[PDB]
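>>> this one's a deposited entry, sequence included:
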Amino acid sequence: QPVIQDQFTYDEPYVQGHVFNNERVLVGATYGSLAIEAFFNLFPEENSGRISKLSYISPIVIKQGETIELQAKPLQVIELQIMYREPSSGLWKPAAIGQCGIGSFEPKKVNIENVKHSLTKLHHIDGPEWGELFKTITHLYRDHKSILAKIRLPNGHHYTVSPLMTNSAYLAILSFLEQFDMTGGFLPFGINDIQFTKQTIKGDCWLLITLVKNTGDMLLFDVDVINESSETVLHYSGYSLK
């Protein structure tokens, strides 16, 4: 079969919508979504799986007039290499590396109203400059160790697990960190584990995000995505910011 692949062009809203240090930099959220596609391509007849040890190697900058190709190539654990074609040289270069594996998805029950009651609702929900595509968050409730976000998920990027889901988790994390005196930014570094299914999560859902590790100037979070019926539909663990 053809390899899993996508292409991103300078002028499209997904690329226009994330600017960092004056460049259009492909959002790191892209990579976990490509890794999940590569899993389902390798294991049709699995309804759920895992990504492990997903690490972001190199940011991808897209310059005016450019179109960057990405491919997600599996390798013998199953290692995934997400490569991009550097328009300079025409060489493939690694953007991200991880692993994927079979694994069941066992949903967890979460009373959102319960969780909400103990947190403080935030108002005025408005480095990186964000385009409107990525502005998915409708509500936030926060305390010193967690944040609970309600999000709304909505051009020919078709993914089973939207990069907008993973990116919403990053934006909620930044909102969590806003409470602290950390002058200077962060940047997503990778995700230790993702547990996912083939059932596409669309529409309204909640992210419950907990700070689990702070050492080595790395901050790692667990993230549970919950539907409007009190059960979890996607798990991230060790979502890492530098």
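Received, thanks. Numbering: from 1, shown residues only.
>>> and the helix or strand where residue 99 lies, what's buried?
Applying DSSP states H and E as the criterion places residue 99 in strand 91-102. Within strand 91-102, the residues scored as buried using 16 or more other Cβ atoms under 10 Å are 95, 96, 97, 98, 99, 100. The C-beta positions use only the backbone N, C-alpha and C, and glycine is treated the same way.
>>> grab the nearest non-local neighbour of the last one.
Meaning residue 100. residue 39 (4.3 Å; Cβ to Cβ, 6 or more residues apart in numbering).
>>> what's the burial count for that neighbour?
30 (other Cβ atoms under 10 Å).
>>> so what does the host helix or strand of it touch, helix or strand wise?
Using DSSP H and E, residue 39 sits within helix 29-42. In terms of contacts (3 or more Cβ pairs under 8 Å, 6 or more residues apart in numbering; DSSP states H and E), helix 29-42 is packed against strand 4-9, strand 48-56, strand 67-75, strand 78-86, strand 91-102, helix 163-177, strand 188-197.
>>> among the ones you listed, which comes closest to residue 115?
helix 163-177 (13.5 Å; Cβ to Cβ).
>>> quick check: buried residues in the closest one?
Neighbour counts using 16+ other Cβ under 10 Å place 163-173, 175-177 of helix 163-177 among the buried residues.
>>> need the contact list for the residue nearest the centre of the chain.
Central residue of the chain (Cα atoms, centre = their mean): residue 166, 2.4 Å from the mean position. Counting by Cβ atoms under 8 Å, 6 or more residues apart in numbering, residue 166 touches 29, 32, 33, 191, 236.
>>> ok, now residue 48?
For residue 48, the contact set (Cβ under 8 Å, 6+ apart) comprises 103, 104, 105, 195, 196, 197, 198.
>>> compare those residues and tell me which is most surrounded.
residue 196 (25 neighbours).
>>> looking at the sheet around that one, what are its partners?
Listed by DSSP bridges, the beta-bridge partners for residue 196 are residue 49.
>>> wait, it touches residue 36, no?
Yes - applying Cβ atoms under 8 Å, one finds residue 196 in contact with residue 36, separated by 5.8 Å.
>>> contacting residues around the helix holding residue 39?
If you take Cβ under 8 Å, 6+ apart as the criterion, helix 29-42 is touched by 1, 4, 6, 8, 46, 49, 51, 54, 56, 70, 72-74, 78, 80, 82, 95-96, 98, 100, 159-167, 170, 188, 191, 194, 196, 198.
>>> thinking again about what came up before, out of the buried residues of helix 163-177, which comes closest to residue 241?
Among the buried residues of helix 163-177, and counting by Cβ to Cβ, the member closest to residue 241 is residue 173, at 6.4 Å.
>>> contacting residues for that closest one?
By Cβ under 8 Å, 6+ apart, the contact set of residue 173 is 147, 186, 209, 221, 239, 241.
>>> helix or strand for the fourth one, which one?
So the one you mean is residue 221. For residue 221, the host element (DSSP H and E) is strand 218-226.
>>> ok and that strand relative to helix 163-177, angle-wise?
Put simply, strand 218-226 runs at 120 degrees to helix 163-177, going by axes from the mean of the first three to the mean of the last three Cα atoms, to 10 degrees.
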